[PDB]
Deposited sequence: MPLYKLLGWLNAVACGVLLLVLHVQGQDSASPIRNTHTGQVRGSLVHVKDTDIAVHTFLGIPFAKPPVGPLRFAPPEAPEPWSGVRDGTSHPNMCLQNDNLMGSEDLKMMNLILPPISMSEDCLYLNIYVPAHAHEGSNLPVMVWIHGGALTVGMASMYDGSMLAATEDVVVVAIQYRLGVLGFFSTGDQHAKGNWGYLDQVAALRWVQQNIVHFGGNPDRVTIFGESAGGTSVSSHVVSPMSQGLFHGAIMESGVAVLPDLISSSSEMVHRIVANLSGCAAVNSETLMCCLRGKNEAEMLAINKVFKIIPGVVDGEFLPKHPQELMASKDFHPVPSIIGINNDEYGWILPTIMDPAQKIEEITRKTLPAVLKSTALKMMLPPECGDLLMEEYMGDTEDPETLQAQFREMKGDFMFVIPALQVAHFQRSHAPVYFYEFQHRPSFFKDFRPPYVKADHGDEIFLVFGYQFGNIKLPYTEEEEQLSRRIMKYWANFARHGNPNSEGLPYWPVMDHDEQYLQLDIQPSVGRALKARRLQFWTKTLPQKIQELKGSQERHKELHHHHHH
């Protein structure tokens, strides 16, 4: 049967993979783990663009998971059970490849490149196992890594540190895929980039980037786009000043600062890094030559065909758990709501006068605390995820096919160990995209969930093959046009039109107009 130790060519040398079986298939998978796509970004290559990797002499071991990039532990008890024993290092520019075991140089399979999320400060490729997706849909799955936190996103806003190191690493990984994936049996002309949350923001940033042109044929943006408010910044000023200050560096010049910051060891860099729970991309002038808003609004914007979507409860549970650890949302009453919404307006970078606009839009005359709290979670999910997705879909759909989804399936394994109000939380679709297969865990699923995961994997792989999710036997997914149709993605399939049109009117026209009226009372 299939080879236990497959050897494959790369530009830098041969790599030895291993053979893996997935549940309930004769189809086996070849894995190639920890392949370097760039030189380790250490010493003078810290806060520098990625350089081309060194050649090696022998057959390189491709059976070991790579180091994750430097990051902090900011429950997560379960993440360390369902993770390999991964170590952490500045030496982390590696990718992992999952290929059907039949495939070899020239098999010409579609390629799906997974970009992990984690607020551009946490995560790793080795959390994700592409074996089930690879095996079921006859597809090459590539999981990449990129610099995170200060090492990924530090910027002086000048030539000494333009920034977006992590995004340049993602470019370097996609260039590697163009140059090498044919040797693994992938088709470099059918590469689809996909990612969730900050991975969606990453994918969406590639879609607008002149630097990423020709590195992929299609894009999938799950619960994250390039204008996700906390992951993009016009100014480098605060990351510049905070890192310069905390590092203790003498900082008369950016040139002196860069020498001092390159002198810091890993423990010193981890201490500076821990301050940033989230970190934004900047307008670096290279990867993002302008703000993603300006790039999408451009008459000369030429996006690839795209899938864009969101879940029906983006702010249901996991994000409130992380960003409201004291459970203040459960204290919301009609009495407290005005003050909570003034505090929310400031976090959304609105004037505090907008608190009452948010209240009228999302809560109206509602007195019931349970209802008020659900309206509050709706409003947050809309601001952070749903409105940005709808805006980006609107900008892309005049130039290229957009297929829009709202994912609605509450996962069976979580529904009893979460509050009963939680529908499809942030990240709930990832379980179905990967066929319930992750690092060292097969998640439990119902028959219905298996059928829905098969449907989602075939939509995604069909899109990777053809730039269209549709095929005979899958429910119809209409392309998004002036009717603004979207897939209601659940066990029972349906189609809607103009998702949250009144909310989109509120956020994009009503609220900016009312802010402009405040400047008139002043």
property	result
Deposited residues without C-alpha coordinates, grouped into stretches that follow sequence order	1-26, 101-105, 554-565
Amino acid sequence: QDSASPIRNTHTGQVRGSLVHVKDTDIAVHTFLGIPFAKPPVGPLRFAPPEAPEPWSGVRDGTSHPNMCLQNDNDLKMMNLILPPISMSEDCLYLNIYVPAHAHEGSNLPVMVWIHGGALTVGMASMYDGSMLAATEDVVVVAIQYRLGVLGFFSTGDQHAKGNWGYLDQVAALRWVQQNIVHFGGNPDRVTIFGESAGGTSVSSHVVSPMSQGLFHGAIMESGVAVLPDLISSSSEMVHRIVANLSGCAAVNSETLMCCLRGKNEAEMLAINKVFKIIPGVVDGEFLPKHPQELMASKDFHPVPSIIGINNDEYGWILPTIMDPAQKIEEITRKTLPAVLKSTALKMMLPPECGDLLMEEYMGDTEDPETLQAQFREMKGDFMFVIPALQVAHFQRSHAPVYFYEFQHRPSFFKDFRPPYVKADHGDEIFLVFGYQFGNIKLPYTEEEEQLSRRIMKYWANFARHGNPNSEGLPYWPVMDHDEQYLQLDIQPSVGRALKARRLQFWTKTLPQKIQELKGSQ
From here on, numbers count along this sequence of modelled residues.
{"item": "Which of 269-277 and 169-177 has higher mean CA B factor, as the PDB entry lists it", "value": "269-277"}
{"item": "Between the two ranges 244-252 and 100-108, the one averaging a larger CA B factor in the entry", "value": "244-252"}
{"item": "Of the residues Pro53, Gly58, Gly496, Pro478, the one carrying the largest Cα B-factor as recorded", "value": "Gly58"}
{"item": "C-alpha B-factor winner, where the candidates are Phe154, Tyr403, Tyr421, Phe385", "value": "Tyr421"}
{"item": "Modelled-residue ranking by C-alpha temperature factor, third containing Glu222", "value": "lowest"}
{"item": "B-factor third for the C-alpha atom of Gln492 within its chain", "value": "highest"}
{"item": "Assigned third (lowest, middle, highest) for the C-alpha B factor of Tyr315", "value": "middle"}
{"item": "Position of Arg465 among the chain's modelled residues by C-alpha B-factor, lowest, middle or highest third", "value": "lowest"}
{"item": "Chain third (lowest, middle, highest) by recorded CA B-factor, residue given as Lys380", "value": "lowest"}
